[PDB]
Amino acid sequence: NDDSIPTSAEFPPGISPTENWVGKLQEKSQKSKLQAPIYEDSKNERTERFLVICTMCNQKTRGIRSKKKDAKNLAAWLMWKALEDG
């Protein structure tokens, strides 16, 4: 995973006003009996944005997006997609 960690940019289909994804993931873990993930916020001047990184038991994703909440929404929503693996 030192060649290019999973990276994908996309906004969930039909986002509600209080639609919380990051809360949906952590909540999903307990629901599936898993550990709690951690994240960090950073902003690249290259595109001037805000990105969040998600880290799980043995997986890690990257979400480059607008505002922080939007940045967090992707990272969590990311691993979520990578969690199903099908």
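- As stated in the entry header, the method of structure determination is solution NMR.

## Some details on the state of the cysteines
Phase 1 of the analysis: Evaluated as defined, the whole model comprises zero disulfides.
Phase 2 of the analysis: The thiol of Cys-54 is unpaired, and the distance to the nearest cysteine sulfur, on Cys-57, comes to 11 Å.
Phase 3 of the analysis: Judged by its relative accessible area of 40%, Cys-57 is partly exposed.

## Comments concerning the side chain of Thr-61
Phase 1 of the analysis: Among the structural elements, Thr-61 can be located in strand β3 (residues 59–65).
Phase 2 of the analysis: Separated by 3.3 Å, the side chain of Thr-61 and the backbone oxygen of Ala-75 make a polar contact.
Phase 3 of the analysis: If sequence neighbours within four positions are ignored, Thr-61 has contacts with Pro-6, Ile-53, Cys-54, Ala-75, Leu-78 and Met-79.

## Focus: the nonpolar core
Phase 1 of the analysis: Counting five residues, the largest nonpolar core is built from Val-22, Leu-25, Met-56, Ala-76 and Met-79.
Phase 2 of the analysis: Every element with two or more residues in this core is listed here: α1 (22–32) and α2 (68–84).
Phase 3 of the analysis: Excluding anything up to four places from it in sequence, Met-56 contacts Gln-35, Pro-37 and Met-79.

## What about the pairing of β3?
Phase 1 of the analysis: The pairing of strand β2 (residues 50–56) with β3 spans seven bridges and is antiparallel. In the strand pairing of β3, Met-56 is matched with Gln-59.
Phase 2 of the analysis: From the end of β2 to the start of β3, which pair antiparallel, there are two residues.

Parameters at a glance
Residues numbered from 1 in each chain as written, not as in the entry; some residues may be left out. Heavy atoms only, no water. Disulfide = S-S within 2.5 Å. Buried < 20%, exposed > 50% of the residue type's maximum accessible area, 1.4 Å probe, protein only. Helix = DSSP H or I, 4+ residues; strand = E, 2+ residues; numbered from the N terminus. Polar contact = N/O pair within 3.5 Å; in protein donor to acceptor, adjacent residues only side chain to side chain. Contact = heavy atoms within 4.5 Å. Core = buried A, V, L, I, M, F, W, Y, C linked by side-chain atoms within 4.5 Å. Pairing = 2+ DSSP bridges.

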